[PDB]
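Shown here is one chain on its own, the form deposited in one PDB entry, set out as structure tokens.
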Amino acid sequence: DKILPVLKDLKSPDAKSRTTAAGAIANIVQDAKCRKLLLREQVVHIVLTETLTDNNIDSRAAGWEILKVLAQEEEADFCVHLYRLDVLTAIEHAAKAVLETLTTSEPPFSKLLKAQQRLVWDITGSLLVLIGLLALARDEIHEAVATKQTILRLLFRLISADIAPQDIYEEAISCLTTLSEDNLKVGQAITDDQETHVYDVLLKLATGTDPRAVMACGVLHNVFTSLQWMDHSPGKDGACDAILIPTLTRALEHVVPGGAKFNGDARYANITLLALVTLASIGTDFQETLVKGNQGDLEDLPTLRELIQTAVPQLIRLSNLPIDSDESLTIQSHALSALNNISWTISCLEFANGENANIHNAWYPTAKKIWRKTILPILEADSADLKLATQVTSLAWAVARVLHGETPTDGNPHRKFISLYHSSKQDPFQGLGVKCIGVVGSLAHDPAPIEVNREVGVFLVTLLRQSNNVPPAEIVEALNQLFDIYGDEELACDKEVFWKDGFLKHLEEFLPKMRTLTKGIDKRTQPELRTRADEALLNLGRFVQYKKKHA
């Protein structure tokens, strides 16, 4: 009943009164409830069709914020409704005005009035935030936004000139990070700009002493992946993820225990969390360098070199430290995510026989440190998380796929992972149980302690004897682990455990059981597990013959 008469004014033919109302609705649309009523009376329709194209720049700044605020307070869909109403054109036209104001030499920007200047920033802030929101909405909106050259060139102009207020600067980087995430066109836009040289400006800033260096790394990493500027195919001046890693690592160097918060702290969301998340993405995306490299002293792999020598030491430090506070509870978590992604990618390499020897010597000692300094301390205090339990087992599984029973036996870790499996009993292959099977299986290969092998082997086989309630994926992993371990009659454990404890009978007994559960899996929902299980029974049959043939 207060807002009803406010809106009438917005359509008033007296520019003074409309422009005032706009002012008030931008505040009033903040509190909930006043916003439900404001949206039902056609606020979005007026603002779009009248207020954003009004002649007065105070009116247009309120218009944009009314949309900004609404976009923020509303659910994600509200943006699609905005997209459909063609807000993007409104934004593009307004964007083209900011640039004309910013890049004009007639009036010209620095010679504007203080209050006049502040208004151009208001409008930019509303624009920036909006673009950010719609790009997050759906893939089509993302590719509609990225299409708009005016929008892009606005972004390059802001990042490049560095005259904008910092809150505007950071929002512009944020935007371009989202726009550039797995988007080829944007990456080409950034690297093809001879007008403002955003790419050069970004490089210089991502490499130097500036406080916002990591922020520029987040943009550049996205560009390097999208354009496949990688170790096999370096970008401009040998550019690839390699050059971002030291900056990203010097960012972890500064975070030390006992200083969570301050009176003035402009770096914490950006400075620390961003660096970790990006290191972990770098971990993920290096996997694509290995695949693409193949279709065509880690000197040839600088990204991998930097990851191991520089990135990983700081991540083991960060994984270790408390944890005094919830915020450092998140630093640990993210540190563990990066270790995880790197360790996993690396373990996606063939190291059997002599294969990839160069990379195996680079990694192996580090893999041992990760296990002793990270995985083991954390495993020492049983309680209490499931989320965290799950994170350490994933990493342990990645590190033990390379270590292969060379992996340290210290706190008898296999027994802990084994107890983890059973107790956490209370996409098939992402089960934590699968993870328990795979790590314990991997550290039990030769040349491990023959009793460590006996336990692990007994657990794996028990799994089959009592397959009555084990999830089919966990059966497949168990069978692969066993084949992986006891398929060599020269290994002490083949005679010392496989034969000594007659593993062969359980395997021969399990064959029928294994055929019915396989056919129990819908090929059509879902394929992978089915075809994977078919290979395990296949291998299971071939495995029961080969030994059958050996005392």
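Rigid core (definition): largest C-alpha set, two forms, superposition within 1.5 Å. A residue's number is simply how far along the shown sequence it sits, counting from 1.
K.L.:
When you step from residue 296 to residue 297 in this entry, do you jump over none, 1 to 3, 4 to 9, or 10 or more residues of the deposited sequence that have no coordinates?
P.N.:
According to the record, 10 or more deposited residues lack coordinates from residue 296 to residue 297.
K.L.:
With residue 426 and residue 427 adjacent in the shown sequence, let me know how many deposited residues between them lack coordinates: none, 1 to 3, 4 to 9, or 10 or more.
P.N.:
Going from residue 426 to residue 427, the model skips 10 or more residues of the deposited sequence.
K.L.:
Higher average CA B factor in the deposited record is what I'm after, so tell me if that's 103-111 or 409-417.
P.N.:
Stretch with the higher mean C-alpha B-factor: 103-111.
K.L.:
Do the CA atoms of 219-227 or those of 247-255 have the higher mean B-factor in the entry?
P.N.:
Higher mean C-alpha B-factor in the PDB entry: 247-255.
K.L.:
Considering only 374, 166, 345, 390, which residue's Cα atom bears the greatest B-factor as recorded?
P.N.:
That would be 166.
K.L.:
Can you pull the Cα B-factors for 285, 193, 455, 327 from the entry and say which is highest?
P.N.:
Of 285, 193, 455, 327, 327 has the highest C-alpha B-factor.
K.L.:
Split the chain's modelled residues into thirds by Cα B-factor; is residue 14 in the lowest, middle or highest one?
P.N.:
Its C-alpha B-factor belongs to the highest third of this chain's values.
K.L.:
Ordered by C-alpha B-factor within the chain, which third holds residue 337? Give me lowest, middle or highest, please.
P.N.:
As the PDB entry reports it, the C-alpha B-factor of residue 337 lands in the lowest third of its chain.
K.L.:
Taking the chain's C-alpha temperature factors as the reference, tell me which third residue 208 falls into: lowest, middle or highest.
P.N.:
CA B-factor rank for residue 208: middle third.
K.L.:
Split the chain's modelled residues into thirds by Cα B-factor; is residue 380 in the lowest, middle or highest one?
P.N.:
Highest third.
K.L.:
In terms of the chain's CA B-factor thirds, is residue 147 lowest, middle or highest?
P.N.:
Its C-alpha B-factor, which the entry lists for residue 147, ranks in the middle third among residues of this chain.
Form deposited in another entry: not shown, discussed below.
K.L.:
Looking at 349, 144, 376, 464, which has a Cα shift of 2 angstroms or more between this form and the one not shown when the rigid core is held fixed?
P.N.:
Flagged residue: 144.
K.L.:
Core aligned, does the CA of residue 494 move at least 2 Å between this form and the one not shown?
P.N.:
The answer is no; the displacement is under 2 Å.
K.L.:
Quick check on residue 64: with the core superposed, does its CA move 2 angstroms or more between this form and the one not shown?
P.N.:
Yes, because once the rigid core is superposed, the C-alpha of residue 64 moves 2 Å or more between this form and the one not shown.
K.L.:
C-alpha of residue 280: shift of 2 angstroms or more between this form and the one not shown, rigid core aligned?
P.N.:
No, the C-alpha position differs by under 2 Å between this form and the one not shown.
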